[PDB]
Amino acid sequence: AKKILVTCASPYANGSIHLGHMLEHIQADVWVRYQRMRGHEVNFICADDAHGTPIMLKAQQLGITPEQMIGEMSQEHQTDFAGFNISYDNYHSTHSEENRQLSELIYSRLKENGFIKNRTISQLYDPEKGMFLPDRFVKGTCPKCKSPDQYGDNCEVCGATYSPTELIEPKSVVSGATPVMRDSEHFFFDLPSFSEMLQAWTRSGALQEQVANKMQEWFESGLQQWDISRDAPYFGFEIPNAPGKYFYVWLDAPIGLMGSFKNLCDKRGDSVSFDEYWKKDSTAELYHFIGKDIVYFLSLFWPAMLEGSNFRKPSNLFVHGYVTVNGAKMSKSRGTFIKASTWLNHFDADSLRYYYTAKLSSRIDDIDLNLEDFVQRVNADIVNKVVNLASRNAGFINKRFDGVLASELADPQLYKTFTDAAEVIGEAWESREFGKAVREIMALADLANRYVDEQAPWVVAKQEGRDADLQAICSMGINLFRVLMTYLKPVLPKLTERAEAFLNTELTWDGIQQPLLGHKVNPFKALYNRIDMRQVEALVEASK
């Protein structure tokens, strides 16, 4: 009955999707699929973050228009997300008419409300190329150790940090020309004006404890005005009434989420939902699944921008940690920096979805993809605990009972134990305590396989006149499988489809209250196969 709008962070258009991105999109998708299972109106949307100096320069280097380049990466990104079954209702772009109009609208409202200031700053400028240089586009000699060819604000030899203006014999990364300091008028967003409102939100109890604690650090350091303009040449939106000035990519980026929803509503011919979800009096819920590296933007700048332009603010922010492989940050040399596209050449999407889900929680701690454990866990839990309930019982039903399940539950009490667990498991999905949900589900799977072993169908099957017993036992196992797959439906979309084909029924959350009795099931190849370390080693090799 609830109206919910969910988004993830918008991936940058100048890079491919990797396992880090996938943790976020998978976490959000599991939550979204669960919400849909409970009957809510859900809108899951995203967009590619396509503006900025890096993108402009990359396109120039490739000899193509930025429009062509971002279009190609958008398609690549969407192919990867589709491959992992991320159920987006809309995937748009920050480079769109919807975002242009909303960005100009919000800026105009902020300016009229007195939240935009003008001030001149001094910045390194490449006079040959004719453009201001962001820090990482300046290279030179470290002022401390004198090591050559260091980029930006830090030295990778001695570890010193400094303003690029301190680099000795500075060179433009773009042209090789010597940059010089040049003045430029910039527009600033008055974030400090929203300090009290933001502090009140921080102590409201909605945000994760770890996020609130971090925000207190930011309030202690002191909020500052935010430089939201960038000079031409740039790839982005030009600021109204300010020739040669553009909105900094980070200003239009989150607005692009609003733009994606407007685009969805417009394509649907829906003229009422946009305002119903974004106006101040909205009763709809808005959630953003994001990584800790962008919390400053989504928890401080974003709510302030919305407040200042008369729009509703996020109902909550769901923050996740970094993704490590084998305990450490992804390493290109070790072949642990894995692309989403590469992953799918070696494993299915469900395997990673399951592993991440089993490790996820409501906290912002990092999630480790230990490859050896990945093989062990997928084989133990998916193949040997859950799918085993179907694979060890389906054969007898199809071969000796014409595919028809028993007319009654052999063990109603045990079945009730399984359905009684729905409340706690659903609450775990709801609260994002994914690891807890998986543990509960697997504990039930253990009870199910214990039941089958207690009944010993491999013994019953060879004994005279025990056909009724065999059908009863195997049917019971299949019904337990039906329940477990329902609880896991948000996690394993593809295996779920195969399970539904086998069971001849769509799995619904409430449906488990009615077991399958005197019901025809279909034969199947193999619902899920084992994986091994040889496959893992091949994945790593292919990633080097």
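Note that residue numbering begins at 1 and tracks the sequence as displayed.
Per the PDB record, of the two stretches 86 to 94 and 382 to 390, 382 to 390 carries the greater mean B-factor over its C-alpha atoms. Note on 333 to 341 vs 69 to 77: mean CA B-factor is higher in 333 to 341. Annotation for 245, 280, 100, 146: 280 ranks highest, by Cα B-factor. Among 27, 61, 486, 475, the highest C-alpha B-factor recorded in the PDB entry belongs to 61. Residue 496: CA B factor lies in the lowest third for its chain, per the PDB record. When all modelled residues of the chain are sorted by CA temperature factor, residue 533 is found within the highest third. In the PDB entry, a CA B factor belonging to the highest third of its chain's modelled residues is recorded for residue 153.
In this PDB entry, the Cα temperature factor of residue 490 sits in the bottom third of its chain's modelled residues, the lowest group. When the modelled residues of the chain are ordered by C-alpha B-factor, residue 22 sits in the lowest third.
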